[PDB]
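Below is input-v7.cif, holding mmCIF, N, CA, C and O atoms.
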```cif
data_my_file
loop_
_atom_site.label_atom_id
_atom_site.label_comp_id
_atom_site.auth_asym_id
_atom_site.auth_seq_id
_atom_site.Cartn_x
_atom_site.Cartn_y
_atom_site.Cartn_z
N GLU D 32 8.54 181.94 -29.80
CA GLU D 32 8.34 180.52 -30.12
C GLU D 32 9.64 179.69 -30.19
O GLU D 32 10.40 179.76 -31.16
N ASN D 33 9.90 178.91 -29.15
CA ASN D 33 11.13 178.12 -29.10
C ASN D 33 11.10 177.02 -30.17
O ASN D 33 10.30 176.09 -30.10
N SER D 34 11.98 177.13 -31.16
CA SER D 34 11.94 176.24 -32.31
C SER D 34 12.13 174.76 -31.95
O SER D 34 11.56 173.89 -32.60
N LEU D 35 12.91 174.48 -30.91
CA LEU D 35 13.06 173.10 -30.42
C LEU D 35 11.75 172.49 -29.90
O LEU D 35 11.47 171.32 -30.12
N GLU D 36 10.95 173.28 -29.21
CA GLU D 36 9.69 172.78 -28.68
C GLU D 36 8.74 172.49 -29.82
O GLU D 36 8.04 171.49 -29.83
N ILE D 37 8.74 173.38 -30.79
CA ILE D 37 7.87 173.30 -31.95
C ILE D 37 8.21 172.12 -32.87
O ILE D 37 7.32 171.50 -33.45
N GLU D 38 9.49 171.82 -32.98
CA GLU D 38 9.94 170.65 -33.72
C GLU D 38 9.37 169.39 -33.07
O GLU D 38 8.76 168.57 -33.74
N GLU D 39 9.52 169.25 -31.76
CA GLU D 39 8.93 168.12 -31.05
C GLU D 39 7.39 168.03 -31.18
O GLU D 39 6.84 166.94 -31.34
N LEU D 40 6.71 169.16 -31.12
CA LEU D 40 5.25 169.19 -31.30
C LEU D 40 4.82 168.84 -32.73
O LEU D 40 3.80 168.18 -32.92
N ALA D 41 5.58 169.30 -33.72
CA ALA D 41 5.31 168.93 -35.11
C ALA D 41 5.45 167.43 -35.37
O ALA D 41 4.63 166.86 -36.09
N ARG D 42 6.49 166.81 -34.80
CA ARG D 42 6.69 165.35 -34.89
C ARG D 42 5.54 164.63 -34.18
O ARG D 42 5.03 163.65 -34.69
N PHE D 43 5.15 165.14 -33.02
CA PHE D 43 4.02 164.59 -32.29
C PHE D 43 2.74 164.66 -33.14
O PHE D 43 1.92 163.75 -33.09
N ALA D 44 2.57 165.74 -33.89
CA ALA D 44 1.40 165.87 -34.76
C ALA D 44 1.35 164.76 -35.82
O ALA D 44 0.32 164.09 -35.98
N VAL D 45 2.45 164.59 -36.54
CA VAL D 45 2.54 163.59 -37.58
C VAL D 45 2.38 162.17 -37.00
O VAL D 45 1.64 161.34 -37.57
N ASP D 46 3.02 161.90 -35.86
CA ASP D 46 2.88 160.63 -35.15
C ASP D 46 1.43 160.38 -34.69
O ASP D 46 0.93 159.28 -34.82
N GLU D 47 0.77 161.40 -34.15
CA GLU D 47 -0.62 161.23 -33.69
C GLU D 47 -1.58 161.07 -34.85
O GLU D 47 -2.52 160.29 -34.78
N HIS D 48 -1.35 161.83 -35.91
CA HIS D 48 -2.15 161.68 -37.11
C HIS D 48 -2.01 160.25 -37.67
O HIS D 48 -3.01 159.64 -38.06
N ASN D 49 -0.79 159.71 -37.67
CA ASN D 49 -0.53 158.35 -38.13
C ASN D 49 -1.25 157.30 -37.28
O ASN D 49 -1.87 156.38 -37.80
N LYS D 50 -1.15 157.44 -35.96
CA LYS D 50 -1.87 156.58 -35.03
C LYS D 50 -3.37 156.67 -35.28
O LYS D 50 -4.02 155.67 -35.58
N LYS D 51 -3.91 157.89 -35.19
CA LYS D 51 -5.35 158.11 -35.31
C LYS D 51 -5.99 157.64 -36.64
O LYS D 51 -7.08 157.09 -36.65
N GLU D 52 -5.30 157.85 -37.76
CA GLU D 52 -5.89 157.61 -39.06
C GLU D 52 -5.23 156.46 -39.83
O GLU D 52 -5.48 156.29 -41.02
N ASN D 53 -4.40 155.68 -39.14
CA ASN D 53 -3.73 154.53 -39.73
C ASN D 53 -2.93 154.92 -40.99
O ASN D 53 -3.02 154.26 -42.02
N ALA D 54 -2.17 156.02 -40.90
CA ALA D 54 -1.33 156.51 -42.00
C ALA D 54 0.16 156.38 -41.71
O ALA D 54 0.55 156.00 -40.61
N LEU D 55 0.98 156.69 -42.71
CA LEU D 55 2.44 156.61 -42.57
C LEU D 55 3.13 157.84 -43.15
O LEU D 55 4.07 157.71 -43.93
N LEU D 56 2.66 159.03 -42.78
CA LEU D 56 3.32 160.26 -43.18
C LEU D 56 4.70 160.33 -42.55
O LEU D 56 4.87 160.02 -41.36
N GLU D 57 5.69 160.73 -43.34
CA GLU D 57 7.07 160.86 -42.88
C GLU D 57 7.36 162.33 -42.58
O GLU D 57 7.35 163.14 -43.49
N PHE D 58 7.62 162.67 -41.32
CA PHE D 58 7.89 164.06 -40.95
C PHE D 58 9.17 164.59 -41.60
O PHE D 58 10.20 163.94 -41.54
N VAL D 59 9.09 165.76 -42.21
CA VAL D 59 10.27 166.43 -42.77
C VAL D 59 10.73 167.63 -41.92
O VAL D 59 11.82 167.60 -41.36
N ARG D 60 9.90 168.67 -41.81
CA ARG D 60 10.19 169.82 -40.94
C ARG D 60 8.97 170.67 -40.63
O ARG D 60 7.91 170.48 -41.23
N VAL D 61 9.12 171.59 -39.67
CA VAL D 61 8.16 172.68 -39.43
C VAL D 61 8.46 173.83 -40.37
O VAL D 61 9.62 174.13 -40.63
N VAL D 62 7.41 174.48 -40.86
CA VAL D 62 7.55 175.68 -41.70
C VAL D 62 7.12 176.93 -40.91
O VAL D 62 7.73 178.00 -41.02
N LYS D 63 6.07 176.76 -40.13
CA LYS D 63 5.38 177.88 -39.52
C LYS D 63 4.81 177.41 -38.20
O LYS D 63 4.38 176.26 -38.08
N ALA D 64 4.82 178.27 -37.20
CA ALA D 64 4.19 177.92 -35.93
C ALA D 64 3.67 179.15 -35.23
O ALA D 64 4.38 180.15 -35.11
N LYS D 65 2.42 179.09 -34.79
CA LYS D 65 1.84 180.15 -33.98
C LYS D 65 1.45 179.58 -32.62
O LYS D 65 0.79 178.54 -32.55
N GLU D 66 1.90 180.24 -31.55
CA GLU D 66 1.46 179.90 -30.21
C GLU D 66 0.40 180.90 -29.82
O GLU D 66 0.56 182.10 -30.04
N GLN D 67 -0.68 180.41 -29.22
CA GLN D 67 -1.74 181.27 -28.74
C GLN D 67 -2.08 180.85 -27.31
O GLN D 67 -2.64 179.78 -27.08
N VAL D 68 -1.72 181.68 -26.34
CA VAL D 68 -2.09 181.45 -24.94
C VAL D 68 -3.60 181.29 -24.78
O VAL D 68 -4.39 182.12 -25.23
N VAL D 69 -4.00 180.18 -24.15
CA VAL D 69 -5.41 179.85 -23.92
C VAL D 69 -5.52 179.25 -22.51
O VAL D 69 -4.96 179.81 -21.56
N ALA D 70 -6.25 178.14 -22.37
CA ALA D 70 -6.16 177.34 -21.14
C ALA D 70 -5.03 176.33 -21.32
O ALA D 70 -5.27 175.15 -21.56
N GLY D 71 -3.80 176.80 -21.18
CA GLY D 71 -2.64 176.09 -21.66
C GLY D 71 -2.22 176.84 -22.91
O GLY D 71 -2.54 178.02 -23.05
N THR D 72 -1.53 176.15 -23.81
CA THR D 72 -1.07 176.78 -25.04
C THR D 72 -1.65 176.03 -26.24
O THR D 72 -1.75 174.80 -26.24
N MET D 73 -2.08 176.78 -27.25
CA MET D 73 -2.55 176.19 -28.48
C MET D 73 -1.53 176.54 -29.54
O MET D 73 -1.06 177.68 -29.59
N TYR D 74 -1.19 175.55 -30.37
CA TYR D 74 -0.19 175.72 -31.42
C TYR D 74 -0.81 175.49 -32.80
O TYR D 74 -1.47 174.48 -33.02
N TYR D 75 -0.59 176.43 -33.71
CA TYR D 75 -0.98 176.20 -35.10
C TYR D 75 0.27 176.01 -35.93
O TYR D 75 1.08 176.92 -36.10
N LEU D 76 0.42 174.80 -36.46
CA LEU D 76 1.67 174.44 -37.11
C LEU D 76 1.41 174.28 -38.59
O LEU D 76 0.34 173.87 -39.01
N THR D 77 2.41 174.64 -39.38
CA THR D 77 2.42 174.34 -40.79
C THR D 77 3.69 173.51 -40.94
O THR D 77 4.75 173.90 -40.43
N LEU D 78 3.60 172.35 -41.58
CA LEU D 78 4.75 171.45 -41.64
C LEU D 78 4.83 170.66 -42.95
O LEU D 78 3.83 170.50 -43.63
N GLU D 79 6.02 170.20 -43.28
CA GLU D 79 6.22 169.32 -44.43
C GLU D 79 6.29 167.90 -43.94
O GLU D 79 6.98 167.61 -42.96
N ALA D 80 5.59 167.02 -44.65
CA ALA D 80 5.59 165.59 -44.41
C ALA D 80 5.51 164.88 -45.76
O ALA D 80 4.87 165.38 -46.68
N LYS D 81 6.18 163.74 -45.89
CA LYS D 81 6.11 162.97 -47.13
C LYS D 81 4.96 161.96 -47.07
O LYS D 81 4.81 161.21 -46.10
N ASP D 82 4.11 161.98 -48.09
CA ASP D 82 3.01 161.04 -48.17
C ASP D 82 3.56 159.71 -48.69
O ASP D 82 4.00 158.86 -47.91
N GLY D 83 3.55 159.54 -50.00
CA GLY D 83 4.14 158.36 -50.60
C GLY D 83 5.50 158.76 -51.12
O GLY D 83 5.76 158.68 -52.32
N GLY D 84 6.35 159.21 -50.21
CA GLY D 84 7.64 159.76 -50.57
C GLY D 84 7.54 161.09 -51.32
O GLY D 84 8.46 161.49 -52.02
N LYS D 85 6.40 161.75 -51.15
CA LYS D 85 6.11 163.01 -51.84
C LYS D 85 5.88 164.12 -50.82
O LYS D 85 4.94 164.05 -50.03
N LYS D 86 6.73 165.14 -50.82
CA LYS D 86 6.65 166.23 -49.84
C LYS D 86 5.34 167.00 -49.98
O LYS D 86 4.96 167.40 -51.08
N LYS D 87 4.64 167.18 -48.87
CA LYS D 87 3.36 167.89 -48.89
C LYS D 87 3.30 168.76 -47.65
O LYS D 87 4.00 168.50 -46.69
N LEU D 88 2.48 169.81 -47.69
CA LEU D 88 2.30 170.67 -46.52
C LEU D 88 1.03 170.31 -45.73
O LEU D 88 0.03 169.91 -46.31
N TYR D 89 1.11 170.43 -44.41
CA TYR D 89 -0.05 170.15 -43.56
C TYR D 89 -0.23 171.22 -42.50
O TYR D 89 0.73 171.86 -42.08
N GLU D 90 -1.47 171.44 -42.09
CA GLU D 90 -1.73 172.27 -40.93
C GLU D 90 -2.16 171.38 -39.77
O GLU D 90 -2.92 170.43 -39.93
N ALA D 91 -1.66 171.70 -38.58
CA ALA D 91 -1.97 170.89 -37.42
C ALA D 91 -2.34 171.87 -36.33
O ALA D 91 -1.83 172.98 -36.30
N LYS D 92 -3.23 171.48 -35.45
CA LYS D 92 -3.55 172.27 -34.28
C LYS D 92 -3.27 171.38 -33.08
O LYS D 92 -3.73 170.23 -33.03
N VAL D 93 -2.45 171.87 -32.16
CA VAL D 93 -1.98 171.05 -31.05
C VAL D 93 -2.23 171.77 -29.73
O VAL D 93 -1.84 172.92 -29.54
N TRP D 94 -2.90 171.08 -28.82
CA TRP D 94 -3.19 171.65 -27.51
C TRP D 94 -2.28 171.02 -26.45
O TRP D 94 -2.21 169.80 -26.30
N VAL D 95 -1.58 171.89 -25.73
CA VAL D 95 -0.69 171.47 -24.67
C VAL D 95 -1.09 172.05 -23.31
O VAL D 95 -1.34 173.26 -23.20
N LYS D 96 -1.17 171.20 -22.29
CA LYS D 96 -1.22 171.64 -20.91
C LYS D 96 0.15 171.38 -20.28
O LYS D 96 0.45 170.25 -19.94
N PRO D 97 0.97 172.43 -20.12
CA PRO D 97 2.35 172.29 -19.63
C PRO D 97 2.47 171.77 -18.19
O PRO D 97 3.57 171.35 -17.80
N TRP D 98 1.38 171.79 -17.42
CA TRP D 98 1.41 171.34 -16.03
C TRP D 98 1.14 169.84 -15.87
O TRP D 98 1.31 169.29 -14.78
N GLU D 99 0.72 169.19 -16.96
CA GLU D 99 0.47 167.75 -17.03
C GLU D 99 1.26 167.24 -18.23
O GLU D 99 1.65 168.03 -19.07
N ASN D 100 1.46 165.93 -18.37
CA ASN D 100 1.86 165.47 -19.70
C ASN D 100 0.64 165.25 -20.58
O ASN D 100 0.25 164.13 -20.90
N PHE D 101 0.04 166.38 -20.94
CA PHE D 101 -1.11 166.43 -21.82
C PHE D 101 -0.69 167.14 -23.11
O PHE D 101 -0.31 168.31 -23.08
N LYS D 102 -0.73 166.40 -24.21
CA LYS D 102 -0.57 166.94 -25.56
C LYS D 102 -1.70 166.32 -26.37
O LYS D 102 -1.89 165.12 -26.32
N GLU D 103 -2.43 167.13 -27.13
CA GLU D 103 -3.58 166.62 -27.87
C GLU D 103 -3.60 167.17 -29.29
O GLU D 103 -3.60 168.39 -29.49
N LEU D 104 -3.62 166.29 -30.28
CA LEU D 104 -3.77 166.75 -31.66
C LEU D 104 -5.25 167.04 -31.91
O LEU D 104 -6.09 166.15 -31.85
N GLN D 105 -5.57 168.30 -32.17
CA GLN D 105 -6.96 168.73 -32.28
C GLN D 105 -7.41 168.61 -33.72
O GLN D 105 -8.52 168.20 -33.99
N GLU D 106 -6.53 168.98 -34.65
CA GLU D 106 -6.82 168.76 -36.06
C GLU D 106 -5.56 168.66 -36.92
O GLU D 106 -4.52 169.21 -36.58
N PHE D 107 -5.67 167.95 -38.02
CA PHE D 107 -4.54 167.74 -38.91
C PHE D 107 -5.06 167.69 -40.35
O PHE D 107 -5.91 166.87 -40.66
N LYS D 108 -4.56 168.56 -41.22
CA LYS D 108 -5.03 168.53 -42.61
C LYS D 108 -4.02 169.11 -43.60
O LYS D 108 -3.19 169.91 -43.20
N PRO D 109 -4.09 168.71 -44.88
CA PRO D 109 -3.28 169.34 -45.94
C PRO D 109 -3.67 170.80 -46.07
O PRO D 109 -4.82 171.12 -45.75
N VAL D 110 -2.79 171.68 -46.52
CA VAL D 110 -3.20 173.07 -46.69
C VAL D 110 -3.89 173.34 -48.04
O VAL D 110 -3.71 172.60 -49.01
#
```

Have the structure of the file written as structure tokens, please.
Amino acid sequence: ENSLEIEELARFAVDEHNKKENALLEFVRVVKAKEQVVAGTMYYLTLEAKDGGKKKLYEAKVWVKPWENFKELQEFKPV
């Protein structure tokens, strides 16, 4: 798991969650990441984000098709 790729995907998760749900979570870092080869790659991320300036953990599921510029936030939730 290339940590640079995962950092970008974690930021994309927080940004997409903010777009989708009209929120303002502030990305802090990735804690955990699992890649699972599928039709493309599926990522299960555990990350820190600040809610109201309060650090919290979230789980995100991110689907990537590396042959297109396709990245999709499948789910995002507190742990």

So that I can check the surroundings of stretch 91-106 of chain D, please list as a PyMOL selection string every protein, DNA and RNA residue that reaches within 12 Å of it, counting only C-alpha atoms and ignoring chain neighbours fewer than 2 positions away.
chain D and resi 36-37+39-52+61-80+88-89+108-110

Option closest in space to residue D:81, from D:107, D:53, D:60, D:32 [counting only N, CA, C and O atoms]:
D:60

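Pairwise distance (atom C of residue D:85, atom C of residue D:33) equals 24.9 Å.
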
Specify as a list in words each residue included when the PyMOL selection byres (((chain D and resi 82 and name CA) around 9) and name CA) is applied to this file.
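Listing what the PyMOL selection byres (((chain D and resi 82 and name CA) around 9) and name CA) selects in the shown file: residues 54, 55, 56, 57, 80, 81, 83, 84, 85, 86 and 87 of chain D.
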
Would you please give, as a PDB file with N, CA, C and O atoms, keeping the file's coordinate frame, all residues of stretch 45-103 of chain D that DSSP assigns to strand (DSSP E or B) based on the backbone?
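Final output, saved to selection.pdb:
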```pdb
ATOM      1  N   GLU D  57       5.690 160.730 -43.340  1.00  0.00           N
ATOM      2  CA  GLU D  57       7.070 160.860 -42.880  1.00  0.00           C
ATOM      3  C   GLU D  57       7.360 162.330 -42.580  1.00  0.00           C
ATOM      4  O   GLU D  57       7.350 163.140 -43.490  1.00  0.00           O
ATOM      5  N   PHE D  58       7.620 162.670 -41.320  1.00  0.00           N
ATOM      6  CA  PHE D  58       7.890 164.060 -40.950  1.00  0.00           C
ATOM      7  C   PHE D  58       9.170 164.590 -41.600  1.00  0.00           C
ATOM      8  O   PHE D  58      10.200 163.940 -41.540  1.00  0.00           O
ATOM      9  N   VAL D  59       9.090 165.760 -42.210  1.00  0.00           N
ATOM     10  CA  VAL D  59      10.270 166.430 -42.770  1.00  0.00           C
ATOM     11  C   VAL D  59      10.730 167.630 -41.920  1.00  0.00           C
ATOM     12  O   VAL D  59      11.820 167.600 -41.360  1.00  0.00           O
ATOM     13  N   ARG D  60       9.900 168.670 -41.810  1.00  0.00           N
ATOM     14  CA  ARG D  60      10.190 169.820 -40.940  1.00  0.00           C
ATOM     15  C   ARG D  60       8.970 170.670 -40.630  1.00  0.00           C
ATOM     16  O   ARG D  60       7.910 170.480 -41.230  1.00  0.00           O
ATOM     17  N   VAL D  61       9.120 171.590 -39.670  1.00  0.00           N
ATOM     18  CA  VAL D  61       8.160 172.680 -39.430  1.00  0.00           C
ATOM     19  C   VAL D  61       8.460 173.830 -40.370  1.00  0.00           C
ATOM     20  O   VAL D  61       9.620 174.130 -40.630  1.00  0.00           O
ATOM     21  N   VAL D  62       7.410 174.480 -40.860  1.00  0.00           N
ATOM     22  CA  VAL D  62       7.550 175.680 -41.700  1.00  0.00           C
ATOM     23  C   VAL D  62       7.120 176.930 -40.910  1.00  0.00           C
ATOM     24  O   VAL D  62       7.730 178.000 -41.020  1.00  0.00           O
ATOM     25  N   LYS D  63       6.070 176.760 -40.130  1.00  0.00           N
ATOM     26  CA  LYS D  63       5.380 177.880 -39.520  1.00  0.00           C
ATOM     27  C   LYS D  63       4.810 177.410 -38.200  1.00  0.00           C
ATOM     28  O   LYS D  63       4.380 176.260 -38.080  1.00  0.00           O
ATOM     29  N   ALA D  64       4.820 178.270 -37.200  1.00  0.00           N
ATOM     30  CA  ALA D  64       4.190 177.920 -35.930  1.00  0.00           C
ATOM     31  C   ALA D  64       3.670 179.150 -35.230  1.00  0.00           C
ATOM     32  O   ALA D  64       4.380 180.150 -35.110  1.00  0.00           O
ATOM     33  N   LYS D  65       2.420 179.090 -34.790  1.00  0.00           N
ATOM     34  CA  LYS D  65       1.840 180.150 -33.980  1.00  0.00           C
ATOM     35  C   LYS D  65       1.450 179.580 -32.620  1.00  0.00           C
ATOM     36  O   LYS D  65       0.790 178.540 -32.550  1.00  0.00           O
ATOM     37  N   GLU D  66       1.900 180.240 -31.550  1.00  0.00           N
ATOM     38  CA  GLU D  66       1.460 179.900 -30.210  1.00  0.00           C
ATOM     39  C   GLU D  66       0.400 180.900 -29.820  1.00  0.00           C
ATOM     40  O   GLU D  66       0.560 182.100 -30.040  1.00  0.00           O
ATOM     41  N   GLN D  67      -0.680 180.410 -29.220  1.00  0.00           N
ATOM     42  CA  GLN D  67      -1.740 181.270 -28.740  1.00  0.00           C
ATOM     43  C   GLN D  67      -2.080 180.850 -27.310  1.00  0.00           C
ATOM     44  O   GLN D  67      -2.640 179.780 -27.080  1.00  0.00           O
ATOM     45  N   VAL D  68      -1.720 181.680 -26.340  1.00  0.00           N
ATOM     46  CA  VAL D  68      -2.090 181.450 -24.940  1.00  0.00           C
ATOM     47  C   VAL D  68      -3.600 181.290 -24.780  1.00  0.00           C
ATOM     48  O   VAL D  68      -4.390 182.120 -25.230  1.00  0.00           O
ATOM     49  N   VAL D  69      -4.000 180.180 -24.150  1.00  0.00           N
ATOM     50  CA  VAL D  69      -5.410 179.850 -23.920  1.00  0.00           C
ATOM     51  C   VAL D  69      -5.520 179.250 -22.510  1.00  0.00           C
ATOM     52  O   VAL D  69      -4.960 179.810 -21.560  1.00  0.00           O
ATOM     53  N   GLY D  71      -3.800 176.800 -21.180  1.00  0.00           N
ATOM     54  CA  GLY D  71      -2.640 176.090 -21.660  1.00  0.00           C
ATOM     55  C   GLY D  71      -2.220 176.840 -22.910  1.00  0.00           C
ATOM     56  O   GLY D  71      -2.540 178.020 -23.050  1.00  0.00           O
ATOM     57  N   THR D  72      -1.530 176.150 -23.810  1.00  0.00           N
ATOM     58  CA  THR D  72      -1.070 176.780 -25.040  1.00  0.00           C
ATOM     59  C   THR D  72      -1.650 176.030 -26.240  1.00  0.00           C
ATOM     60  O   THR D  72      -1.750 174.800 -26.240  1.00  0.00           O
ATOM     61  N   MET D  73      -2.080 176.780 -27.250  1.00  0.00           N
ATOM     62  CA  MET D  73      -2.550 176.190 -28.480  1.00  0.00           C
ATOM     63  C   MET D  73      -1.530 176.540 -29.540  1.00  0.00           C
ATOM     64  O   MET D  73      -1.060 177.680 -29.590  1.00  0.00           O
ATOM     65  N   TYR D  74      -1.190 175.550 -30.370  1.00  0.00           N
ATOM     66  CA  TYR D  74      -0.190 175.720 -31.420  1.00  0.00           C
ATOM     67  C   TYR D  74      -0.810 175.490 -32.800  1.00  0.00           C
ATOM     68  O   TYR D  74      -1.470 174.480 -33.020  1.00  0.00           O
ATOM     69  N   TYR D  75      -0.590 176.430 -33.710  1.00  0.00           N
ATOM     70  CA  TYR D  75      -0.980 176.200 -35.100  1.00  0.00           C
ATOM     71  C   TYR D  75       0.270 176.010 -35.930  1.00  0.00           C
ATOM     72  O   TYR D  75       1.080 176.920 -36.100  1.00  0.00           O
ATOM     73  N   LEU D  76       0.420 174.800 -36.460  1.00  0.00           N
ATOM     74  CA  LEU D  76       1.670 174.440 -37.110  1.00  0.00           C
ATOM     75  C   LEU D  76       1.410 174.280 -38.590  1.00  0.00           C
ATOM     76  O   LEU D  76       0.340 173.870 -39.010  1.00  0.00           O
ATOM     77  N   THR D  77       2.410 174.640 -39.380  1.00  0.00           N
ATOM     78  CA  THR D  77       2.420 174.340 -40.790  1.00  0.00           C
ATOM     79  C   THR D  77       3.690 173.510 -40.940  1.00  0.00           C
ATOM     80  O   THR D  77       4.750 173.900 -40.430  1.00  0.00           O
ATOM     81  N   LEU D  78       3.600 172.350 -41.580  1.00  0.00           N
ATOM     82  CA  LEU D  78       4.750 171.450 -41.640  1.00  0.00           C
ATOM     83  C   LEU D  78       4.830 170.660 -42.950  1.00  0.00           C
ATOM     84  O   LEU D  78       3.830 170.500 -43.630  1.00  0.00           O
ATOM     85  N   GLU D  79       6.020 170.200 -43.280  1.00  0.00           N
ATOM     86  CA  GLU D  79       6.220 169.320 -44.430  1.00  0.00           C
ATOM     87  C   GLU D  79       6.290 167.900 -43.940  1.00  0.00           C
ATOM     88  O   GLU D  79       6.980 167.610 -42.960  1.00  0.00           O
ATOM     89  N   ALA D  80       5.590 167.020 -44.650  1.00  0.00           N
ATOM     90  CA  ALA D  80       5.590 165.590 -44.410  1.00  0.00           C
ATOM     91  C   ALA D  80       5.510 164.880 -45.760  1.00  0.00           C
ATOM     92  O   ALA D  80       4.870 165.380 -46.680  1.00  0.00           O
ATOM     93  N   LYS D  81       6.180 163.740 -45.890  1.00  0.00           N
ATOM     94  CA  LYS D  81       6.110 162.970 -47.130  1.00  0.00           C
ATOM     95  C   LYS D  81       4.960 161.960 -47.070  1.00  0.00           C
ATOM     96  O   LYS D  81       4.810 161.210 -46.100  1.00  0.00           O
ATOM     97  N   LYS D  86       6.730 165.140 -50.820  1.00  0.00           N
ATOM     98  CA  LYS D  86       6.650 166.230 -49.840  1.00  0.00           C
ATOM     99  C   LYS D  86       5.340 167.000 -49.980  1.00  0.00           C
ATOM    100  O   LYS D  86       4.960 167.400 -51.080  1.00  0.00           O
ATOM    101  N   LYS D  87       4.640 167.180 -48.870  1.00  0.00           N
ATOM    102  CA  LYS D  87       3.360 167.890 -48.890  1.00  0.00           C
ATOM    103  C   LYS D  87       3.300 168.760 -47.650  1.00  0.00           C
ATOM    104  O   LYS D  87       4.000 168.500 -46.690  1.00  0.00           O
ATOM    105  N   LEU D  88       2.480 169.810 -47.690  1.00  0.00           N
ATOM    106  CA  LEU D  88       2.300 170.670 -46.520  1.00  0.00           C
ATOM    107  C   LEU D  88       1.030 170.310 -45.730  1.00  0.00           C
ATOM    108  O   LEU D  88       0.030 169.910 -46.310  1.00  0.00           O
ATOM    109  N   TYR D  89       1.110 170.430 -44.410  1.00  0.00           N
ATOM    110  CA  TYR D  89      -0.050 170.150 -43.560  1.00  0.00           C
ATOM    111  C   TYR D  89      -0.230 171.220 -42.500  1.00  0.00           C
ATOM    112  O   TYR D  89       0.730 171.860 -42.080  1.00  0.00           O
ATOM    113  N   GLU D  90      -1.470 171.440 -42.090  1.00  0.00           N
ATOM    114  CA  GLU D  90      -1.730 172.270 -40.930  1.00  0.00           C
ATOM    115  C   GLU D  90      -2.160 171.380 -39.770  1.00  0.00           C
ATOM    116  O   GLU D  90      -2.920 170.430 -39.930  1.00  0.00           O
ATOM    117  N   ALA D  91      -1.660 171.700 -38.580  1.00  0.00           N
ATOM    118  CA  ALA D  91      -1.970 170.890 -37.420  1.00  0.00           C
ATOM    119  C   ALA D  91      -2.340 171.870 -36.330  1.00  0.00           C
ATOM    120  O   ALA D  91      -1.830 172.980 -36.300  1.00  0.00           O
ATOM    121  N   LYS D  92      -3.230 171.480 -35.450  1.00  0.00           N
ATOM    122  CA  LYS D  92      -3.550 172.270 -34.280  1.00  0.00           C
ATOM    123  C   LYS D  92      -3.270 171.380 -33.080  1.00  0.00           C
ATOM    124  O   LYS D  92      -3.730 170.230 -33.030  1.00  0.00           O
ATOM    125  N   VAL D  93      -2.450 171.870 -32.160  1.00  0.00           N
ATOM    126  CA  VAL D  93      -1.980 171.050 -31.050  1.00  0.00           C
ATOM    127  C   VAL D  93      -2.230 171.770 -29.730  1.00  0.00           C
ATOM    128  O   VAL D  93      -1.840 172.920 -29.540  1.00  0.00           O
ATOM    129  N   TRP D  94      -2.900 171.080 -28.820  1.00  0.00           N
ATOM    130  CA  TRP D  94      -3.190 171.650 -27.510  1.00  0.00           C
ATOM    131  C   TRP D  94      -2.280 171.020 -26.450  1.00  0.00           C
ATOM    132  O   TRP D  94      -2.210 169.800 -26.300  1.00  0.00           O
ATOM    133  N   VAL D  95      -1.580 171.890 -25.730  1.00  0.00           N
ATOM    134  CA  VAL D  95      -0.690 171.470 -24.670  1.00  0.00           C
ATOM    135  C   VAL D  95      -1.090 172.050 -23.310  1.00  0.00           C
ATOM    136  O   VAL D  95      -1.340 173.260 -23.200  1.00  0.00           O
ATOM    137  N   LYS D  96      -1.170 171.200 -22.290  1.00  0.00           N
ATOM    138  CA  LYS D  96      -1.220 171.640 -20.910  1.00  0.00           C
ATOM    139  C   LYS D  96       0.150 171.380 -20.280  1.00  0.00           C
ATOM    140  O   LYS D  96       0.450 170.250 -19.940  1.00  0.00           O
ATOM    141  N   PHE D 101       0.040 166.380 -20.940  1.00  0.00           N
ATOM    142  CA  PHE D 101      -1.110 166.430 -21.820  1.00  0.00           C
ATOM    143  C   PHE D 101      -0.690 167.140 -23.110  1.00  0.00           C
ATOM    144  O   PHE D 101      -0.310 168.310 -23.080  1.00  0.00           O
ATOM    145  N   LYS D 102      -0.730 166.400 -24.210  1.00  0.00           N
ATOM    146  CA  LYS D 102      -0.570 166.940 -25.560  1.00  0.00           C
ATOM    147  C   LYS D 102      -1.700 166.320 -26.370  1.00  0.00           C
ATOM    148  O   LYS D 102      -1.890 165.120 -26.320  1.00  0.00           O
ATOM    149  N   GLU D 103      -2.430 167.130 -27.130  1.00  0.00           N
ATOM    150  CA  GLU D 103      -3.580 166.620 -27.870  1.00  0.00           C
ATOM    151  C   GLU D 103      -3.600 167.170 -29.290  1.00  0.00           C
ATOM    152  O   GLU D 103      -3.600 168.390 -29.490  1.00  0.00           O
TER     153      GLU D 103
END
```

Alpha helix (DSSP H) positions in chain D, given as a VMD selection string:
chain D and resid 34 to 52

Atom CA of residue D:59 to atom C of residue D:38, distance in Å rounded to a single decimal
10.2 Å
